[PDB]
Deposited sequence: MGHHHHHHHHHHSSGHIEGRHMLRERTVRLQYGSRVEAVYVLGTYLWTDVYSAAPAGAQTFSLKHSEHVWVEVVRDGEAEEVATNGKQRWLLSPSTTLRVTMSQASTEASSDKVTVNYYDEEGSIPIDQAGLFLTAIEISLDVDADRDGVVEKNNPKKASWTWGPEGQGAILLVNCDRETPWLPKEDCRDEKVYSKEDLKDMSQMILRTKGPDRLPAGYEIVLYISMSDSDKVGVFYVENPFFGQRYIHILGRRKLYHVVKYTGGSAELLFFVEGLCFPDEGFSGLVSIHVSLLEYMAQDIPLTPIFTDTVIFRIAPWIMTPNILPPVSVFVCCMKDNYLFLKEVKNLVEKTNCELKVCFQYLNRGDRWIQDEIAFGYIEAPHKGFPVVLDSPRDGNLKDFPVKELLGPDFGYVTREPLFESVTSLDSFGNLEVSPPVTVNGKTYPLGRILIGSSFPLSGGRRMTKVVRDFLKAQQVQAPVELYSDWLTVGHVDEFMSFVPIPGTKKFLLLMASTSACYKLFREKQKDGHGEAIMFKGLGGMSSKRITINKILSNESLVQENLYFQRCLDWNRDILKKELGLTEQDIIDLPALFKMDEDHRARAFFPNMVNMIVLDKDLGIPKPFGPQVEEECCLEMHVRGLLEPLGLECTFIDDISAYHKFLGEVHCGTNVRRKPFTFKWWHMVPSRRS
C-alpha cells in the first residue's frame, strides 16, 4: 500500500509510518522558489529511492548526489522494522540555488515506524495467526479462509464467561509512545452494531474486568497504545443468526487517526479490517449417532416410560424424562423444541430452538451443555413439521449436511404454510438448502406424520420410510382372503371396544376407501418431490402401512398410530404400537413391519403410548427428541450456491 506524504517548507514533517506500507514523498513543493537542485541524507533503517518519471534508484545514507528539482522527481520511502527508543529514523532533503553546493534550505521527515495488525483466526485452525493476508475476506470451501463467530446462545464480565467467544488480537510494535496527535480506534458500522459485541480489559492494572466495548450504541473504542511488542486481546460474540436481511458477515476495523485541528475530523492514516462469518444453525438427521433421548408424557403413562427405558437400555444413550407444562402442548419435546448445533474451529455445541405454545414461563432441564434460542400461527409452524435428510448428492450437486424438509401447501391452493419468519431463517442458514413438501393434506400438517429416515446397519446408506395406505389395504385384503376378516383392532383399548372395528368393517367402508385413495395420491406427490430433490430411487424407499380418517376440511388424521414417526437409535427403532388386527395372537401390522425392516438388520421395538388413554382418536400425547453428535464434515468446507 502506497501512501502520499509531502514535505513542509523549512521543516521536518513528522509522521508515523506503518509497516506494510510505503511513502511516496513530494520534495518539490517544499523547495524555495529560487532553488534548482536537491540532495538527501537518511538514517540506516530508512530506505530511500529517488524516482524520476517512474524510474527508481536507491540512495545511500550520506552521499553527495544532486538531482534537478522537478514535480516529476519524487522519493519513495520504505522501512522494514519498527522504531525503538534508540531509533532516530529520518530523511533530510537539502535544497540548492543556481551556483550550488552550499544548501540554501532543508526540509525533512522524522519517522516513527510501528507495526499495527488486527488479527483473527482466518485459516480456521483455532489459533490466531499473525496478519493473515486473507483476513479481510470470507470464502467458502476446503481452501476457503476467514474467521468464524458463534452466536451467544446463553441469554463487568469474567474471562471465564467469555471462554466460548472468538479471539481477536491487536498486535503492535513500536517505541515507548506514538508522536503527539495520534490515536488508535477500534470500530464497527451502525448496521453491524446489533450483530456483534466485543469485550476487553480496559484497565489491566486495576484487575481483569472485561467490559463490553463495541455493540449496541457503542460504535467505536479508543485503545491505549503501549510500547515495545504488545498484544491486546479482544473477545468477540455474534448476537444473531443469519436471516432474510443479514448474510452472516460482519466486519471490525482498527484505524490510526491523526489529529488535524479543533473542529476538524481526525484523518484515518491507516486502517486494518477483519471479517467474521456467524456460524449457521445446523439440524441433525436420524443417521447421526445418538447421544441423549428426551421424552415427554403424562406422569402416569407407565407403559410408554417403561418401554422407552427398555429401548434406550439396549443402547449407550442416556434417557432424559420430562413431564407436561402449562405453557406447552403434550408433544412439546418434539413439536416445540428443535435440536441442532453450531460449530466454529475453536468450539461448538448443541443448540436448541424453542417455540413454546403459550410462550415461556426447559433450559433448566436441557442443562448447561446446550445453547438455547427462543422465538420472539398455524400447526404447520411446529418443529414436528421440520425434518432434515441424510447427506445426499443430487445430479452431481453434493449436500454434505443434508437438506431441511418443511411441510407446506400447493402454491395456488390458498392453504396453510409455515410462517415466513421461520422459512426465511432456515433458508438463510444456507448449508441445509431447504425443500418444501406437501403436509397440508393432514389435519395437524406435519411432515413427521408421513415420513422419516433410518440408517441401514453396517453401511453408509439410508432409507426413506413413507406412510402408505395402499400397503395397509393390501395387507388387510390379504388377511381377509385368508379367513381373518373378523380379526379385531384396538385390542385392549376399552374405549374402542363398542365400535367393534374389524378388518371386514374397514374394507367395506366405501367412503373410507375413497378417502385413503386420495391420501395415497398426497403421499405419492411427496414421494416424487423427495426422489427428485434428494436423488433417491425406489430401492431407497420402504412403505409402512398407514390409514387415515378425513375431517370436514378434507384433511387426514391417523386411524391407528402412525408407525413412521419412530425413535431412531442406530439399528434400534422405537416404533409406535399400531394396535392392528390380531392374527394368530400377533398384530398383523407389527408382523408386517418386522418383515420389512428386520431383514436389513434393523431391530424393532414397539412402544405403546396410547393404552393409558383407553382409546385412539388420532392424537398422540407423548413426544420424543434426540440429541445427536454433529456431522464430521465442517460446514465451512461446503460451497453453497450463490444467491
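- Counting the deposited sequence from 1, the stretches lacking C-alpha coordinates are 1-23, 179-192, 399-402, 418-422, 690.
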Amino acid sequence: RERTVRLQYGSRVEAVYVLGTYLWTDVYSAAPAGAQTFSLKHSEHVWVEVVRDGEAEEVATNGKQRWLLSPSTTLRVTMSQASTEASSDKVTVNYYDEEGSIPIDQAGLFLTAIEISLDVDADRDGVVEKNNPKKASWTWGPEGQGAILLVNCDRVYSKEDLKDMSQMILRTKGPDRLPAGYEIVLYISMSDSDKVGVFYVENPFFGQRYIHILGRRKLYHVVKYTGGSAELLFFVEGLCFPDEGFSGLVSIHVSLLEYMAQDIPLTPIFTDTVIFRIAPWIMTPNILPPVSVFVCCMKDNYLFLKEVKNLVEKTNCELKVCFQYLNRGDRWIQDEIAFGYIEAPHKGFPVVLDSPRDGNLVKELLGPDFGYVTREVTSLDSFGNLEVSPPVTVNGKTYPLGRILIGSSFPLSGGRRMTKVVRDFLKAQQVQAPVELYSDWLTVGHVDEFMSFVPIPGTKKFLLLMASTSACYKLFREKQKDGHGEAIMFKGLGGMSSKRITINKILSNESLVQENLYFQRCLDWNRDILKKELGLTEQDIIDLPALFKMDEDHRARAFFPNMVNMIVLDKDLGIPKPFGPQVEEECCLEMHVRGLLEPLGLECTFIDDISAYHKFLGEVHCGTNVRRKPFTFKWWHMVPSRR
From here on, numbers count along this sequence of modelled residues.
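- When the two stretches 549-557 and 393-401 are set side by side, the higher mean Cα temperature factor goes to 393-401.
- Higher mean CA temperature factor, per the PDB entry, when comparing 281-289 with 517-525: 281-289.
- Comparing the listed residues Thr273, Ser83, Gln480, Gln324, the entry records the largest Cα B-factor for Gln324.
- When the Cα B-factors of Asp192, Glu115, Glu143, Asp543 are read from the PDB record, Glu143 comes out highest.
- In the deposited entry, the Cα temperature factor of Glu160 sits in the top third of values across the chain's modelled residues.
- In this PDB entry, the Cα temperature factor of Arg627 sits in the middle third of its chain's modelled residues.
- Ranked against the other modelled residues of its chain, the C-alpha B-factor of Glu584 as given in the entry falls in the highest third.
- Ranked by C-alpha B-factor against the other modelled residues of its chain, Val620 falls in the highest third.
- For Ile607, the recorded CA temperature factor ranks within the lowest third of the chain's modelled residues.
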